[PDB]
Structures are given as structure tokens and as C-alpha cells.
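[1] Below is the sequence, then the experimental coordinates.
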Amino acid sequence: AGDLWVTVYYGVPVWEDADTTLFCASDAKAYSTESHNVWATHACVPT
Amino acid sequence: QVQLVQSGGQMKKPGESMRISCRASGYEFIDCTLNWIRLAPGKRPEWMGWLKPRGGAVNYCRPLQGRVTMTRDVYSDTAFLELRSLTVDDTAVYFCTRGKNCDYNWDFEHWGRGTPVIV
Ligand SMILES: *[C@@H]1O[C@H](CO)[C@@H](O[C@@H]2O[C@H](CO)[C@@H](O[C@@H]3O[C@H](CO[C@H]4O[C@H](CO[C@H]5O[C@H](CO)[C@@H](O)[C@H](O)[C@@H]5O[C@H]5O[C@H](CO)[C@@H](O)[C@H](O)[C@@H]5O)[C@@H](O)[C@H](O[C@H]5O[C@H](CO)[C@@H](O)[C@H](O)[C@@H]5O[C@H]5O[C@H](CO)[C@@H](O)[C@H](O)[C@@H]5O)[C@@H]4O)[C@@H](O)[C@H](O[C@H]4O[C@H](CO)[C@@H](O)[C@H](O)[C@@H]4O)[C@@H]3O)[C@H](O)[C@H]2NC(C)=O)[C@H](O)[C@H]1NC(C)=O
């Protein structure tokens, strides 16, 4: 027998500061597969 | 880009042999097939045989079956060809040639600089 209730929203635009694992994305412009880079490896996802 | 630097063209006499090298770069020497197309005066560009540098697999042209011998040093990435029983007619400029891609050998976008043998 009330007036106001808890209402739950999913997709709410909020964020908090955080530390996390960051993966790499490369420009993929390195044509030569032979001459491959030490930092921009094949594991870097395409940009 | 890839490039196929070649040997100097030696001077020879009939009833002898010749060996002309061809070093490749810019691509994995094994993954792609290399050819030998020589050019004599006025005749159609003569293909002699392809060489697959995986296990030295080869396929020579019928008239050259017996004289021709295409090998390779997979370590120095060099392509070798020997041609015995020389003639003044088999005289030509020689060009090592790999295709556009490894899925098709016959589109020769990449040619080596001509090596001129004189007989
Ligand atoms: C699976 O199994 C297969 C089959 O077993 C294997 O296939 C075989 O592969 C080998 C390669 O590994 C291939 O070998 C051939 O070898 C040839 C080299 O032989 C030549 O030289 C010898 C030596 O003669 C000199 O030395 C002796 C003493 O050692 C002396 O007595 C001679 O007189 C001569 O000496 C001279 O110099 C000295 C210097 O001091 C002087 O003192 C002296 O006075 C002389 O001047 C010769 O014996 C050979 O002669 C044969 O071949 C010629 C070719 O015309 C014939 O005219 C000759 O009669 C003889 O042929 C004999 O056999 C045939 C066939 O049965 C008979 O009809 C005939 O009657 C004879 O009995 C050579 O001159 C090499 O040159 C050759 O390549 C050349 O030939 C081919 C054609 O055969 C050409 O297409 C090439 O372009 C070349 O020109 C070849 O490499 C075997 O031939 C081959 N087997 C078969 C059946 O083909 C295979 O390897 C194996 N494994 C695998 C993985 O497959």
C-alpha cells in the first residue's frame, strides 16, 4: 500500500574508474609477413 | 616488393655446359614456384621448366628433357639451372620468373633482370 517502488534499469549510462587488461589493435598496414614486428605482432587484432 | 637478382652471363662454346644462378628476396622462397623462361632471337619466349623449392619438385619442357637440370639451395634462397650439350641455337637471355601468387604460376608479374649467355 505504497507510493514509490524500486525500479531496475539495465543499460544505465554509468562508469567507475578501473584497471583492466588491455589488448592491442594494429593498423594492419604491414604488408610483409616475412618482416614481422616485435610490438605489432600477429596477435594484434586488425584496426 | 620481391626481386630476383641474377648471375652474370658467361661466354660458352658448343658441346659444353653452363650454370646460371638466381637469388630471390621479399617472399618465402619455398611457398612459391619459380620458372626459367629464356628468350632467343625472334622465337616465342621459351619456358623450360618450373621448380617447386619445397622438395625440389620439377617439371621440364619436352625438348629440354635430358639437358636441363633445375636445382636450388633453399638455404641461400638461390635457384640454379645447368644446361649441358650446348648449341648456338639454344643461346638466349635467361630469366628466372615467379608468378603473381602461389595459387597460380602462370601470371609472371615478377621477372628477374636478364642474364645474357653467348654461344
Ligand atoms: C632407382 O633405380 C634406377 C635404375 O637402377 C636408378 O636409375 C639410374 O640412375 C643413375 C644415376 O644415379 C644413372 O646413371 C647414369 O650414369 C652415367 C655415368 O656413367 C658414364 O660413365 C661410365 C664410366 O665409364 C668410364 O669409367 C669406366 C671405369 O669406371 C671405364 O671402363 C670407361 O671406359 C670410362 O672410362 C673412361 O675414362 C677413363 C679415364 O681414365 C679412361 O681411362 C677410359 O679409357 C675411358 O675413356 C660409363 O660406363 C657409362 O656408359 C654407359 O652409358 C653410355 C651412355 O651412352 C653408354 O653408351 C654405355 O654403353 C653405358 O651404357 C650401359 O648401359 C646401357 C643401359 O643398360 C646399355 O644399353 C649399354 O650397352 C651399356 O651396358 C657412362 O658413360 C651418366 O652419364 C648418365 O647420364 C647420361 O646418360 C643419360 C642416359 O642414360 C642421358 O640422358 C644423360 O643426359 C647423360 O648423358 C646416368 O646419370 C643410371 O643410368 C640410371 N639407370 C637407368 C637404367 O637408367 C635410380 O638412380 C635409382 N634410384 C632412384 C632414387 O630412382
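    That came through, no problem. Numbers count the residues shown, from 1 in each chain, chains lettered A, B, ... in the order given.
[2] Spell out the residue ranges of the strands in chain B.
    Here chain B has its strands, by DSSP state E, at B:3-6, B:19-25, B:34-39, B:46-52, B:57-60, B:68-73, B:78-83, B:93-98, B:110-111, B:115-116.
[3] most tightly surrounded among the ones you listed?
    With neighbours defined as mean count of other Cβ atoms under 10 Å in any protein chain shown, the strands of chain B peak in mean count at strand B:93-98, which reaches a mean of 23. Quick note: C-beta positions are derived from backbone N, CA and C, even for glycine.
[4] Relative to chain A, which of the strands of chain B is closest?
    strand B:19-25 (9.3 Å; Cβ to the nearest Cβ).
[5] touching chain A at all, the closest one?
    No: using Cβ under 8 Å from any Cβ of the partner chain, strand B:19-25 stays clear of chain A, coming no nearer than 9.3 Å.
[6] quick one: that strand to strand B:93-98, angle?
    Interaxial angle of strand B:19-25 relative to strand B:93-98 (axes from the mean of the first three to the mean of the last three Cα atoms, to 10 degrees): 40 degrees.
[7] quick one on the thing from earlier: mind putting the strands of chain B in CSV, distance to residue A:26 included?
    What follows is the strands of chain B, written out as CSV (distance: least, Cβ to Cβ, whole Å):
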stretch, distance to residue A:26
strand B:3-6, 27
strand B:19-25, 24
strand B:34-39, 32
strand B:46-52, 33
strand B:57-60, 36
strand B:68-73, 34
strand B:78-83, 34
strand B:93-98, 28
strand B:110-111, 27
strand B:115-116, 40
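[8] Now do the nearest residue to residue B:46 once chain neighbours are set aside against residue B:70, distance only.
    Closest residue in space to residue B:46, ignoring its immediate chain neighbours: residue B:38 at 5.4 Å, by Cβ to Cβ, 6 or more residues apart in numbering or on different chains. According to Cβ to Cβ, to the nearest Å, residue B:38 stands 12 Å off from residue B:70.
[9] overlap in contacts of these two?
    residue B:48 (Cβ atoms under 8 Å, 6 or more residues apart in numbering or on different chains).
[10] Now do the end-to-end distance for stretch B:73-92.
    24 Å (Cα to Cα, to the nearest Å).
[11] which parts of chain B sit against chain A?
    B:26-28.
[12] ok, of those, which come out buried?
    Burial by neighbour count, 16 or more other Cβ atoms under 10 Å in any protein chain shown: within those this picks out residue B:27.
[13] Quick check, the residue in chain B closest to chain A?
    residue B:28 (6.4 Å).
[14] thinking that residue is in contact with residue A:35, fair?
    No: in this structure, residue B:28 is not within contact of residue A:35 by Cβ atoms under 8 Å, at 11.4 Å.
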